[PDB]
Amino acid sequence: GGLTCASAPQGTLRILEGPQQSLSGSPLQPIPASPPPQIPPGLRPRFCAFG
Amino acid sequence: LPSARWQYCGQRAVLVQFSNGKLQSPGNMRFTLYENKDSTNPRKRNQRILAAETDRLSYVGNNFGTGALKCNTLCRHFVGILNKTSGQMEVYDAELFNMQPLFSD
């Protein structure tokens, strides 16, 4: 029933789940910018002056 | 860049966490560990008490009561040995015990 002590621990190892690199290599995804407001096609003078 | 063959061989080697300091001078100090009777229900797999006989004080270490640490339940503890001529880091299951000196009631 001894349970005698031993020497000092001569190193530690830490094991953990590493993140994947292939999800880390993707280029960005910007939101596509909505265009600046354009002149709607088919505009003409609908008003002729009276008389 | 050294390597080591991971040879898992299986018993639970105890590890001690003294609430006083580091045990830096080992001497005549008797260590005995205690296990619950009823191995039927699954609580016996965690019920274990380690006792430390010194002439001055007696140190006791639990796994269940208030003050039993949470490092060996939210994380596993292993022990590497690394038989250097063979080069195999053979691994044992282990537990850490936070010992606290017993006084009175």
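Cut-offs and rules
Residues numbered from 1 in each chain as written, not as in the entry; some residues may be left out. Chains lettered and ligands numbered in written order. Part of a larger assembly, values for the part shown. Heavy atoms only, no water. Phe/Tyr/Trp six-rings, centres within 6.5 Å; stacked < 30°, edge-to-face > 60°. Helix = DSSP H or I, 4+ residues; strand = E, 2+ residues; numbered from the N terminus. Buried < 20%, exposed > 50% of the residue type's maximum accessible area, 1.4 Å probe, protein only. 1 Å grid on protein atoms, 1.4 Å probe; cavity = no way out; pocket = protein on both sides within 12 Å on 5 of 7 lines; lining within 4 Å. Points joined across faces, edges and corners; volume = space filled by probe spheres on them. Nonpolar A, V, L, I, M, F, W, Y, C, P; charged D, E, K, R; others polar. Polar contact = N/O pair within 3.5 Å; in protein donor to acceptor, adjacent residues only side chain to side chain. Contact = heavy atoms within 4.5 Å. Buried area = accessible area lost by both parts, 1.4 Å probe. Salt bridge = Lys/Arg side-chain N within 4 Å of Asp/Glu carboxyl O.

Visitor: Sorry if this is basic, but what is going on with the packing of aromatic side chains here?
Guide: Each pair of aromatic rings is reported with the distance of its centres and the angle of its planes. Residues and elements named next belong to chain B. Within this structure, the stated rule accounts for 3 aromatic pairs over all chains. Ring centres 6.0 Å apart and planes at 15° place the aromatic pair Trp6 and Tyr8 in the stacked group. Taking 5.8 Å as the distance between ring centres and 80° as the angle between the ring planes, the aromatic pair formed by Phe18 and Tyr59 counts as edge-to-face. Separated by 41 residues along the polypeptide, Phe18 in strand β2 (residues 13-18) and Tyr59 in strand β5 (residues 58-61) bring together distant segments of the chain. The burial state of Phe18 is the same as that of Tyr59; both residues are buried. One aromatic cluster in this structure is built from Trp6, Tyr8 and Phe78.

Visitor: Help me out: how do you make sense of the layout of surface pockets in this one?
Guide: The gaps left among the atoms become clear once a water-sized probe is rolled over them. Estimated volume of the largest pocket: approximately 2,200 Å³. Taken together, 41 residues line the largest pocket, and the ones lying closest to its centre are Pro9 and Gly11 of chain A together with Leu15, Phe78 and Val79 of chain B. When residues of the lining of the largest pocket are traced back to their parent elements, those giving at least two are β2, β6 (77-80) and β7 (88-101) of chain B. Of the residues forming the lining of the largest pocket, the biggest block, 6 residues, is contributed by β2 of chain B. Across the lining of the largest pocket, the residue classes break down as 27 nonpolar, 10 polar and 4 charged.

Visitor: Would you take a moment to explain the environment of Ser86 of chain B for this structure?
Guide: Residue and element names in this part refer to chain B. One can find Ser86 in the loop between β6 and β7. Note on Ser86: relative accessible area 45%, which makes it partly exposed. Among the polar contacts made by the side chain of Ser86, one reaches the main-chain carbonyl oxygen of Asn83 at a distance of 3.0 Å.

Visitor: Would you explain the interface of chain B and chain A in this entry?
Guide: Note: interface size is frequently given as the accessible area lost on complex formation between the parts. Between chain B and chain A, the contact holds 6 residues from the first and 5 residues from the second. Between chain B and chain A the total buried area reaches about 470 Å² when both faces are included, carbon and sulfur atoms providing 73% of it. At the boundary of chain B and chain A, one finds 0 salt bridges. Remark: the boundary between chain B and chain A carries 0 residue pairs in polar contact. Here the side of chain B that touches chain A is built from residues that sort into 6 nonpolar, no polar and no charged.

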